Amino acid sequence: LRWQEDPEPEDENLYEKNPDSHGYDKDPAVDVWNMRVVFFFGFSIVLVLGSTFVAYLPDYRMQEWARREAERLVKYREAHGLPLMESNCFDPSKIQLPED
Amino acid sequence: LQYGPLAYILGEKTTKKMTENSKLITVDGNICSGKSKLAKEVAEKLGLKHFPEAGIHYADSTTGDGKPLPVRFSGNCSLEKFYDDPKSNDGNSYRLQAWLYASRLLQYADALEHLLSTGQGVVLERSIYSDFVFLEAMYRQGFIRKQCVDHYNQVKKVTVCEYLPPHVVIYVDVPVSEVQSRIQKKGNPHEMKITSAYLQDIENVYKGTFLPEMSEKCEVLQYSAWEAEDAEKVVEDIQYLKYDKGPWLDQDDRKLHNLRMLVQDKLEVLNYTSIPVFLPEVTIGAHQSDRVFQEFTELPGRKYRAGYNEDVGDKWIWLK
Amino acid sequence: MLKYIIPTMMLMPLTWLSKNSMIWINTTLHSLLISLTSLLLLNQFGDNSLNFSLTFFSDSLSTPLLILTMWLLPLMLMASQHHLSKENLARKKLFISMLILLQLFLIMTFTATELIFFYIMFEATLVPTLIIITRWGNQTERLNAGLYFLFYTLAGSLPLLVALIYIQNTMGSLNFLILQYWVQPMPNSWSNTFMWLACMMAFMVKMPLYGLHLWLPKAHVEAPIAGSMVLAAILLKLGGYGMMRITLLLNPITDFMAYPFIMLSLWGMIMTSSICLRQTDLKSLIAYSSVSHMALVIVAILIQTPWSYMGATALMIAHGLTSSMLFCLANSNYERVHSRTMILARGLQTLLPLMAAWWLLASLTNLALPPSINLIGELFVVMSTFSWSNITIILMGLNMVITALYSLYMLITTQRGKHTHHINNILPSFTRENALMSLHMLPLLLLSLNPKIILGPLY
Amino acid sequence: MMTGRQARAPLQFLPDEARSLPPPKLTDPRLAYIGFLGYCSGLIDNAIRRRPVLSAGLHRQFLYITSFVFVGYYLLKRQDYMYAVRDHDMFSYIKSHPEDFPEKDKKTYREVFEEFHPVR
Amino acid sequence: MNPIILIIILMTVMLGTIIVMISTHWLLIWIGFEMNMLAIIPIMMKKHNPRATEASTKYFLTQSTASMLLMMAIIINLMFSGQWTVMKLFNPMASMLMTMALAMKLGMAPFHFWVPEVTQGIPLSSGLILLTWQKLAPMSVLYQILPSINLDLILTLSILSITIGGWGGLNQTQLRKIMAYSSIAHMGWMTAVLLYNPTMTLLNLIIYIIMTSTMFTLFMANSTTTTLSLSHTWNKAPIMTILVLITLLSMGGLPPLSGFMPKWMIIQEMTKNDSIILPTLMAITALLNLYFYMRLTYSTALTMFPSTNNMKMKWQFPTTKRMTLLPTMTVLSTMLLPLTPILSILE
Amino acid sequence: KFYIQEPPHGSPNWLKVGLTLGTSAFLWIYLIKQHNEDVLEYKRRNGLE
Amino acid sequence: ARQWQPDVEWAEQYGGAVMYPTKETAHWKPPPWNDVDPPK
Ligand SMILES: CCCCCCCCCCCCCCCCCC(=O)OC[C@H](COP(=O)([O-])OC[C@H](O)COP(=O)([O-])OC[C@H](COC(=O)CCCCCCCCCCCCCCCCC)OC(=O)CCCCCCCCCCCCCCCCC)OC(=O)CCCCCCCCCCCCCCCCC
Ligand SMILES: CCCCCCCCCCCCCCCCCC(=O)OC[C@H](COP(=O)([O-])OCC[N+](C)(C)C)OC(=O)CCCCCCCCCCCCCCCCC
Ligand SMILES: CCCCCCCCCCCCCCCCCC(=O)OC[C@H](COP(=O)([O-])OCC[N+](C)(C)C)OC(=O)CCCCCCCCCCCCCCCCC
Ligand SMILES: CCCCCCCCCCCCCCCCCC(=O)OC[C@H](COP(=O)(O)OCCN)OC(=O)CCCCCCCCCCCCCCCCC
Ligand SMILES: Nc1ncnc2c1ncn2[C@@H]1O[C@H](COP(=O)(O)O)[C@@H](O)[C@H]1O
């Protein structure tokens, strides 16, 4: 024969001793408080207040500013007859080219 | 520790306390030889410390509260189930024999520690030198396998070599018929299931293997059932022995210092009883090992080192 | 970053000093508080990154990975507390300590300003993951799995170390902020070719690249549930994060060094998705789907356009949530039938209808149903790869066929048809299980309302 | 490398010029980490001898912390001294060899031509 | 052995190494090595069995051969320089002979063939002395003669030690041979950085001595000389499995552990000198070392092997062994990487 | 009592506890004295008083 | 359905004289437990 071994323990059903089980623990008071901790700090705190936080981020990565600033510049250069954008990012007077 | 190299350097030699009465005496015999009182009688005439025969729960008596532990924590084996079902499937026979060899090894270490630390001799009953005569008596009865004998001989080969033999070996001649008469008068319902061939094999490995090999390394005294009843003749024979054999003669302070350093470290004594030889009678798998270990730690006085258990009333732990 | 590192470390005395019945509740509560705290990293600017110190910074690439990392720890604790219920208490605390330690290494992997400290945290993540897989995995093969996961990584990452130290000797610094301004072009040479391979192959193993992917369908399959959640959701994305940082230094040689790997990814997502059509193990199918999804992130990082980086970081966040939910769903069936064979337990919508709705939503996000961030990342990568070469739409579009086909097949096999007659231990869904599914799926769907926070630094 | 520097006055753990340097604060985070390592050694010492880990032998845990902080303070003093010696030698060598360390002409990017590589 | 005689003999081992470390004359270097070998022979024959006599004979023959080669190198140096100062050597033949002699004393490959045999033949405490204290004197001599050490020789010895010590430990189940091949690979790492920066040589030596002393102290504390007896440790002392796990992961050089500290700094010093192929192949070859370290962690800490029934007796007895500096060594062998710039105290 | 044999660590070794606390207090007062002497020498050598 | 732990067959692979027994190293037995050989 083979060695001295414990047999396979049968798989427990948490609903047998506790039909009101939330599946967190076999102690029902610990089970209910684990459920309340998960649901309050997960849904009531992180999800709700976190989605509210993300919804009211103060102009995340200055997009709104960038529209408003663009609405300045267009309005400056529509009126002064300038082109809306130059092809040159940098002034060609402040660039030395390698001569050839 | 209490004894170490420093105490040996600072003067504690064991030949200062090694007097003439400092004798390790092992009393041997068959299952109802009646040696158990004889040993005690010798220990009350020569003034020696008597150790009772190491059973399954000897280590339980030396550790913790001294009370026997449940059988799943110490032994995992039954003598009564060996008497009931000797050829059992679960491997109780060799597991019982291996646990008893480890218990007698621990007892022989305790006996040598008492002898080398106090200078008082010790009377033992069936030491590690005579344990094998049950093993072969099981193997000749088909109770254990050849692989179990090989495992036993490996453990004995690397454990008994570290110790000194007894000074005196007392053997009690009791025939198998008188053994069975005393078994039937004992009244133990399991012990009355012992066959005649098993007792005869015990006597054969006693007289043909054990006593011839102990006649060279020590002094064998051999008595019948009625002349062992007089303790004064046995003590008179012990007191007039001329000790001239065995390795006790060439023991200086250094060798006995090394032996005392061995026999006070009980994990080093019990090191090779758990050698990784995966024999099915003694192999415990990991789930049962884990479960029984964690149940052992939850016993009172067993979670921590002995001076460190608040549940049994240990104080000043924050300063220890 | 130290306002996140110190509470993550304080989770260690929190788990080791807790009462024995409170070690899941307390760690779940305070890891949820750390995850709520992680939204302060959304102070991102249109030009500058959020640069805390000499050691730590956080731009819009690292910030969603950090929020997802800190979010995944409570969900891993919820996923793991049931199958470790019979465990020894100290081993249970050691398991939670390995998860806490892995969170600690991840949050300063993603915020490491300097690249060799990135390397050390990046490789430090191996040790808790290896321990979790080999100690709390269920089967024999976990040991072999722990070897493959260990040795495909280090064989890729030890040439990275040398390469990074070389940059330290050449540039004088491995600060990513300094390297943004001191980057020199990397010309065509053999020295720069093996420089490119040493910079890229560790992250190619982590993604995984197709052909280097073989550690993953052992490591994610043999792991316990929290192991598989963090492996699919976070640790694959160490490779994508590291590529997006390291390809700053690899221009212009990348423009032809990417050609083999792009092929390995573009054909590889055709292969591994096809592999998902014939997987008998459900957890292996989810693992191969992760290889197929990360192939797009590899292509998008290698073609290095703005649309491709935006699609790749959206797809990394979306795949993190979706693959973690799919492993949790497969685990919820494994904790009832004790087999990962997908054909075994069938017809589960008749028995478990709300969990079947979770299977439906996770399958729909797996096949990139619009407007999920799965589809946002998928679609933006497809736009950029069409601009790279118009023929790629073939290998893109065919992939989206097969991705639909294995996603619904998984949904048809497990949820639909007739239930298996002899299986009678199908318990009703626990509140913990539905909670775990909702904490994956509700943030994933809410990110479709405001996806700009998961579009990365060049949104 | 610097072994001939500390060879005219050998076997000095902290030389006399090291006293020109500010010592590490007692709230040095490196020194706090070394004290943490002493606390971890005290916990492992309780664990391997099967004592209760946090509670047993607080005198021993405190001597672990104290001995590591004590050794580590002087190790940090020597560390900071050796890096100060490294920089002192570097700066004195640059100051004494100007022909090996010329002042490079820094050019602005209006003159600096870099090749453009399109990602398309 | 008499404890007084043991103390005098261990002080003589220490005195021989210290004489090597403090002397300016080559004859006193040679005398320190002779004194060290003479005193360490009884430490190897401590238990009086034929394996210890064989190990001591093999050790005597290799160290005596190295000592004669050392004296010939000293004598050739005296020919070509007329002096005895322990400094650079003044002949490349004397430099080669002294490098060979010191490599034989270190047991670096291809002179590595005594180290697993002699380490296996002797007890764990004497193998602790052999793998840690006996490296100190030849490394100090290598430290002082590095202006004359041939580069190709020392790097050949280094890579040959790293490769041979990596492949040698893969086949082993005995713990002492595992520590011996691990020693051979780590000495290869120490000599590879020697001509570039000997401070990193000292760093690798110190971290190696700490980690090796930790592993030998764990093996002595659990009375384990085989892999399969070390696999019983979980059912007897579960803290020891965690300690061997973290120490073996550290000896593999996995960050964030302290044994990642030497090799990283060594690569950091070898790429400054434009050697890129060599620390790359060295680091990839060290994955062999990590593989057999991981084998031991699988058998000891990360799985539970089957135990025996008699283990239940050993549950009733505490470890009375003096596990000297084991928590300190375990902490220093694992948690030291945040203090990596402390290495400048070795300059 | 509980134990059948008196353990070695049943009572605290008061000599060793006293040596432990005395050595630790000595190392702390020597460390603070060294640190104050070092900051005073630094301020004296660099003229910050 | 519980966690797999190594059996006797898994553990016996780590008890040989070497790790990979070839034709040459097949006569090698493991050394004694106390490392003591009989005096012959
Ligand atoms: C910031 C504030 C935000 C407020 C608005 C919310 C925004 C969306 C958030 C996520 C919502 C998902 C929640 C429900 C589904 C999961 C649970 C479930 O199945 O429960 C069934 C259960 C009712 O069923 P039952 O009869 O009792 O049992 C179910 C049966 O077992 C059998 O079940 P079954 O199969 O018969 O029924 C399942 C059915 C199955 O139906 C399907 O699977 C078909 C869906 C796909 C085709 C149709 C939609 C196509 C796309 C168009 C919609 C998006 C764009 C629309 C805009 C115009 C065009 C651009 O699903 C539905 O009917 C769910 C309707 C919504 C579907 C959303 C799309 C999911 C498809 C996959 C991803 C697609 C892209 C992402 C879209 C994200 C949009 C924001 O529902 C509940 O009890 C609901 C509980 C409370 C839910 C709260 C939702 C918000 C949570 C966030 C908290 C933090 C912020 C606070 C806001 C709170 C607002 C109250
Ligand atoms: C994020 C990276 C890591 C990933 C994992 C993170 C998990 C941790 C969780 C942390 C907390 C949650 C973080 C994400 C929050 C996302 C939500 C959020 O902030 O949203 C902001 C969005 C932002 O929208 P907005 O940009 O227009 O907001 C305007 C800005 N203010 C408010 C300042 C003027 O908020 C809203 O959309 C609010 C409007 C009402 C909500 C939508 C109502 C309609 C929804 C559909 C109805 C049905 C339509 C038809 C369909 C029929 C049925 C199918
Ligand atoms: C996961 C499995 C696959 C992993 C693949 C990992 C990357 C593959 C390529 C690695 C090459 C080695 C490291 C390169 C570091 C580059 C640093 C650098 O400056 O390079 C330029 C330097 C140039 O030298 P230099 O920079 O000192 O010179 C000055 C500059 N010039 C050239 C102008 C004079 O390159 C080298 O020195 C050599 C580079 C090639 C090295 C060849 C040996 C290793 C071969 C590949 C081994 C890969 C792992 C094998 C194991 C597989 C698994 C078991
Ligand atoms: C620039 C650098 C200059 C030099 C710096 C310093 C270098 C230090 C080198 C350390 C080498 C230590 C070798 C071991 C100590 C020597 C004597 C010895 O072995 O004593 C151990 C002793 C023997 O016990 P025994 O009775 O023989 O065992 C048989 C079974 N009963 O008892 C035991 O076996 C008890 C078990 C525990 C023993 C642990 C000993 C640890 C000692 C090393 C500490 C770590 C190294 C020092 C710190 C770093 C320095 C680099
Ligand atoms: N193999 C064995 N079979 C029977 N008894 C044994 C064996 N080994 C030891 N013994 C002990 O020997 C005792 C018989 O001797 P006695 O103590 O005189 O009764 C039993 O009660 C057991 O404790």
# chains A, B, ... in the order shown; residues from 1 in each chain; ligands from 1
$ interface_residues --of "chain C" --to "chain B" --cutoff "12 Å" --atoms "only C-alpha atoms" --output "PyMOL selection string"
chain C and resi 86-91
$ interface_residues --of "chain D" --to "chain C" --cutoff "9 Å" --atoms "only C-alpha atoms" --output "ChimeraX atom specification"
/D:114-115,117-120
$ write_last_selection --atoms "N, CA, C and O atoms" --output "compact mmCIF listing (two decimals), in the first residue's frame"
# COMPACT_ATOMS: atom_id res chain seq x y z
N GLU D 114 20.01 69.04 -36.44
CA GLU D 114 19.67 67.67 -36.13
C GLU D 114 18.87 67.09 -37.29
O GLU D 114 18.05 67.79 -37.88
N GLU D 115 19.13 65.84 -37.61
CA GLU D 115 18.42 65.19 -38.70
C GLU D 115 17.02 64.81 -38.24
O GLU D 115 16.84 64.25 -37.16
N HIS D 117 13.64 62.59 -38.54
CA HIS D 117 13.22 61.26 -38.97
C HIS D 117 11.71 61.18 -38.82
O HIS D 117 11.20 61.16 -37.69
N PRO D 118 10.96 61.16 -39.92
CA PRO D 118 9.50 61.16 -39.82
C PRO D 118 8.97 59.81 -39.39
O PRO D 118 9.44 58.76 -39.84
N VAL D 119 7.99 59.83 -38.50
CA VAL D 119 7.27 58.64 -38.10
C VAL D 119 6.00 58.62 -38.92
O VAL D 119 5.01 59.28 -38.60
N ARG D 120 6.04 57.88 -40.02
CA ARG D 120 4.91 57.79 -40.91
C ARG D 120 4.87 56.39 -41.51
O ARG D 120 5.84 55.64 -41.41
$ closest_atom_pairs --of "chain B" --to "chain A" --cutoff "7 Å" --atoms "only C-alpha atoms" --output "CSV"
residue,atom,partner,partner_atom,distance
B:280,CA,A:3,CA,4.4
B:281,CA,A:3,CA,6.5
B:283,CA,A:3,CA,5.5
B:284,CA,A:4,CA,5.1
B:285,CA,A:5,CA,5.2
B:287,CA,A:6,CA,6.4
B:288,CA,A:6,CA,5.2
$ residues_near_ligand --ligand "ligand 3" --cutoff "7 Å" --atoms "only C-alpha atoms and all ligand atoms" --output "list in words"
residues 152, 153, 155, 156, 159, 162, 163, 166, 191, 192, 194, 195, 197, 198, 201, 202 and 205 of chain C; 274, 275, 276, 277, 280, 281 and 284 of chain E
$ write_last_selection --atoms "N, CA, C and O atoms" --output "short mmCIF file (atom, residue, chain, number, x, y, z; two decimals), in the first residue's frame"
data_model
loop_
_atom_site.label_atom_id
_atom_site.label_comp_id
_atom_site.auth_asym_id
_atom_site.auth_seq_id
_atom_site.Cartn_x
_atom_site.Cartn_y
_atom_site.Cartn_z
N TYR C 152 11.97 33.12 -18.44
CA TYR C 152 11.82 33.96 -19.62
C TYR C 152 12.03 35.42 -19.28
O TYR C 152 12.52 36.18 -20.12
N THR C 153 11.67 35.82 -18.07
CA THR C 153 11.84 37.21 -17.64
C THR C 153 13.31 37.58 -17.52
O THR C 153 13.77 38.54 -18.15
N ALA C 155 16.19 36.10 -18.38
CA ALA C 155 16.93 36.01 -19.63
C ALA C 155 16.65 37.17 -20.57
O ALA C 155 17.50 37.50 -21.40
N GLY C 156 15.49 37.81 -20.45
CA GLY C 156 15.26 39.02 -21.19
C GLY C 156 15.74 40.24 -20.44
O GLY C 156 16.16 41.22 -21.05
N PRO C 159 19.96 41.32 -19.96
CA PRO C 159 20.52 42.24 -20.97
C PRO C 159 19.98 43.66 -20.90
O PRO C 159 20.67 44.58 -21.35
N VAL C 162 22.26 45.63 -18.21
CA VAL C 162 23.51 46.03 -18.86
C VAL C 162 23.28 47.23 -19.77
O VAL C 162 23.98 48.25 -19.66
N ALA C 163 22.22 47.15 -20.59
CA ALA C 163 21.89 48.23 -21.52
C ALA C 163 21.61 49.52 -20.79
O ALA C 163 22.17 50.57 -21.14
N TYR C 166 24.73 50.96 -19.48
CA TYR C 166 25.45 51.58 -20.59
C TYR C 166 24.93 52.99 -20.86
O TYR C 166 25.73 53.91 -21.07
N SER C 191 25.98 47.59 -33.11
CA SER C 191 26.02 47.93 -31.70
C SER C 191 24.69 48.49 -31.23
O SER C 191 24.17 48.09 -30.19
N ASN C 192 24.10 49.39 -32.02
CA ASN C 192 22.79 49.91 -31.70
C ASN C 192 21.68 48.91 -31.96
O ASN C 192 20.62 49.01 -31.33
N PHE C 194 21.93 45.57 -31.20
CA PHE C 194 21.84 44.81 -29.97
C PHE C 194 21.54 45.68 -28.76
O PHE C 194 20.99 45.18 -27.78
N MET C 195 21.84 46.98 -28.84
CA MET C 195 21.32 47.94 -27.88
C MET C 195 19.80 47.96 -27.89
O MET C 195 19.16 47.95 -26.83
N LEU C 197 17.74 45.52 -29.01
CA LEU C 197 17.25 44.24 -28.49
C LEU C 197 17.37 44.16 -26.97
O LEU C 197 16.45 43.69 -26.30
N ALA C 198 18.48 44.63 -26.40
CA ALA C 198 18.62 44.62 -24.96
C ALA C 198 17.64 45.57 -24.29
O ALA C 198 17.12 45.26 -23.21
N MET C 201 13.71 43.46 -25.36
CA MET C 201 13.28 42.06 -25.27
C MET C 201 12.73 41.68 -23.90
O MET C 201 11.90 40.76 -23.82
N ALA C 202 13.15 42.35 -22.83
CA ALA C 202 12.54 42.10 -21.52
C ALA C 202 11.08 42.50 -21.52
O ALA C 202 10.22 41.78 -20.99
N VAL C 205 9.10 40.05 -23.59
CA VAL C 205 8.73 38.87 -22.80
C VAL C 205 7.56 39.20 -21.87
O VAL C 205 6.64 38.39 -21.72
N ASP E 274 34.12 49.51 -20.98
CA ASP E 274 33.69 49.13 -22.32
C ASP E 274 33.66 47.62 -22.53
O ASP E 274 33.76 47.14 -23.66
N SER E 275 33.52 46.84 -21.47
CA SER E 275 33.29 45.41 -21.59
C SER E 275 31.80 45.18 -21.43
O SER E 275 31.24 45.40 -20.36
N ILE E 276 31.15 44.78 -22.52
CA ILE E 276 29.71 44.63 -22.57
C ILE E 276 29.31 43.17 -22.72
O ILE E 276 28.38 42.71 -22.05
N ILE E 277 30.01 42.44 -23.58
CA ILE E 277 29.73 41.02 -23.82
C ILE E 277 29.99 40.22 -22.55
O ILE E 277 29.22 39.32 -22.20
N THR E 280 27.43 40.60 -19.61
CA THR E 280 26.19 40.04 -20.15
C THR E 280 26.18 38.53 -20.04
O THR E 280 25.27 37.94 -19.45
N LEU E 281 27.21 37.88 -20.59
CA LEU E 281 27.30 36.43 -20.54
C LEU E 281 27.50 35.92 -19.12
O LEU E 281 27.01 34.84 -18.79
N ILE E 284 23.93 36.08 -17.56
CA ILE E 284 23.11 34.99 -18.09
C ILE E 284 23.58 33.63 -17.57
O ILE E 284 22.76 32.75 -17.29
#
$ interface_residues --of "chain D" --to "chain F" --cutoff "10 Å" --atoms "only C-alpha atoms" --output "list in words"
residues 17, 18, 19, 20, 21, 22, 23, 24, 25, 26, 57, 58, 59, 60, 61, 62, 63, 64, 65, 66, 67, 69, 70, 71, 73 and 74 of chain D
$ closest_atom_pairs --of "chain D" --to "chain A" --cutoff "8 Å" --atoms "only C-alpha atoms" --output "CSV"
residue,atom,partner,partner_atom,distance
D:110,CA,A:95,CA,4.6
D:111,CA,A:96,CA,5.1
D:113,CA,A:98,CA,7.0
$ select_by_dssp --residues "segment 19-109 of chain D" --states "helix (DSSP H, G or I)" --output "PyMOL selection string"
chain D and resi 19-20+29-48+58-96
$ write_last_selection --atoms "C-alpha atoms" --output "PDB file, in the first residue's frame"
ATOM      1  CA  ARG D  19      35.412  66.018  11.132  1.00  0.00           C
ATOM      2  CA  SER D  20      35.189  68.907   8.656  1.00  0.00           C
ATOM      3  CA  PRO D  29      16.424  57.795   6.853  1.00  0.00           C
ATOM      4  CA  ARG D  30      19.355  55.487   6.154  1.00  0.00           C
ATOM      5  CA  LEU D  31      19.955  55.298   9.905  1.00  0.00           C
ATOM      6  CA  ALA D  32      16.238  54.709  10.481  1.00  0.00           C
ATOM      7  CA  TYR D  33      16.413  51.896   7.929  1.00  0.00           C
ATOM      8  CA  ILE D  34      19.369  50.351   9.773  1.00  0.00           C
ATOM      9  CA  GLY D  35      17.369  50.556  13.001  1.00  0.00           C
ATOM     10  CA  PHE D  36      14.522  48.835  11.166  1.00  0.00           C
ATOM     11  CA  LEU D  37      16.962  46.091  10.181  1.00  0.00           C
ATOM     12  CA  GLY D  38      17.864  45.709  13.848  1.00  0.00           C
ATOM     13  CA  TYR D  39      14.187  45.382  14.696  1.00  0.00           C
ATOM     14  CA  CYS D  40      13.801  42.733  11.983  1.00  0.00           C
ATOM     15  CA  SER D  41      16.804  40.853  13.388  1.00  0.00           C
ATOM     16  CA  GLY D  42      15.179  40.935  16.823  1.00  0.00           C
ATOM     17  CA  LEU D  43      11.958  39.545  15.383  1.00  0.00           C
ATOM     18  CA  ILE D  44      13.802  36.755  13.538  1.00  0.00           C
ATOM     19  CA  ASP D  45      15.700  35.999  16.759  1.00  0.00           C
ATOM     20  CA  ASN D  46      12.390  35.525  18.556  1.00  0.00           C
ATOM     21  CA  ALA D  47      11.011  33.501  15.642  1.00  0.00           C
ATOM     22  CA  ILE D  48      13.815  30.948  15.294  1.00  0.00           C
ATOM     23  CA  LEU D  58      12.110  43.555  24.621  1.00  0.00           C
ATOM     24  CA  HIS D  59      15.558  44.202  26.102  1.00  0.00           C
ATOM     25  CA  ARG D  60      17.023  41.991  23.368  1.00  0.00           C
ATOM     26  CA  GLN D  61      15.011  43.690  20.606  1.00  0.00           C
ATOM     27  CA  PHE D  62      16.138  47.067  21.906  1.00  0.00           C
ATOM     28  CA  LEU D  63      19.785  45.976  21.973  1.00  0.00           C
ATOM     29  CA  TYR D  64      19.401  44.774  18.361  1.00  0.00           C
ATOM     30  CA  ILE D  65      18.014  48.181  17.343  1.00  0.00           C
ATOM     31  CA  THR D  66      20.626  50.048  19.396  1.00  0.00           C
ATOM     32  CA  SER D  67      23.578  48.011  18.127  1.00  0.00           C
ATOM     33  CA  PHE D  68      22.546  48.377  14.487  1.00  0.00           C
ATOM     34  CA  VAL D  69      21.982  52.144  14.869  1.00  0.00           C
ATOM     35  CA  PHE D  70      25.336  52.432  16.658  1.00  0.00           C
ATOM     36  CA  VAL D  71      27.309  50.589  13.966  1.00  0.00           C
ATOM     37  CA  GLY D  72      25.345  52.176  11.123  1.00  0.00           C
ATOM     38  CA  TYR D  73      25.950  55.754  12.280  1.00  0.00           C
ATOM     39  CA  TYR D  74      29.702  55.298  11.926  1.00  0.00           C
ATOM     40  CA  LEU D  75      29.256  53.406   8.651  1.00  0.00           C
ATOM     41  CA  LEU D  76      27.280  56.360   7.266  1.00  0.00           C
ATOM     42  CA  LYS D  77      29.978  58.758   8.511  1.00  0.00           C
ATOM     43  CA  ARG D  78      32.621  56.771   6.635  1.00  0.00           C
ATOM     44  CA  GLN D  79      30.380  56.528   3.536  1.00  0.00           C
ATOM     45  CA  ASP D  80      29.838  60.289   3.376  1.00  0.00           C
ATOM     46  CA  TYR D  81      33.546  60.843   4.039  1.00  0.00           C
ATOM     47  CA  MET D  82      34.586  58.621   1.143  1.00  0.00           C
ATOM     48  CA  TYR D  83      32.224  60.278  -1.328  1.00  0.00           C
ATOM     49  CA  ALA D  84      33.458  63.686  -0.122  1.00  0.00           C
ATOM     50  CA  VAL D  85      37.055  62.507  -0.709  1.00  0.00           C
ATOM     51  CA  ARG D  86      36.023  61.284  -4.174  1.00  0.00           C
ATOM     52  CA  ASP D  87      34.638  64.699  -5.106  1.00  0.00           C
ATOM     53  CA  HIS D  88      37.551  66.583  -3.525  1.00  0.00           C
ATOM     54  CA  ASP D  89      40.034  64.558  -5.588  1.00  0.00           C
ATOM     55  CA  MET D  90      37.921  64.965  -8.740  1.00  0.00           C
ATOM     56  CA  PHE D  91      37.697  68.741  -8.397  1.00  0.00           C
ATOM     57  CA  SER D  92      41.368  69.159  -7.501  1.00  0.00           C
ATOM     58  CA  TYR D  93      42.348  67.053 -10.512  1.00  0.00           C
ATOM     59  CA  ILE D  94      40.123  69.031 -12.889  1.00  0.00           C
ATOM     60  CA  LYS D  95      41.507  72.283 -11.460  1.00  0.00           C
ATOM     61  CA  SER D  96      45.102  71.082 -11.924  1.00  0.00           C
TER      62      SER D  96
END
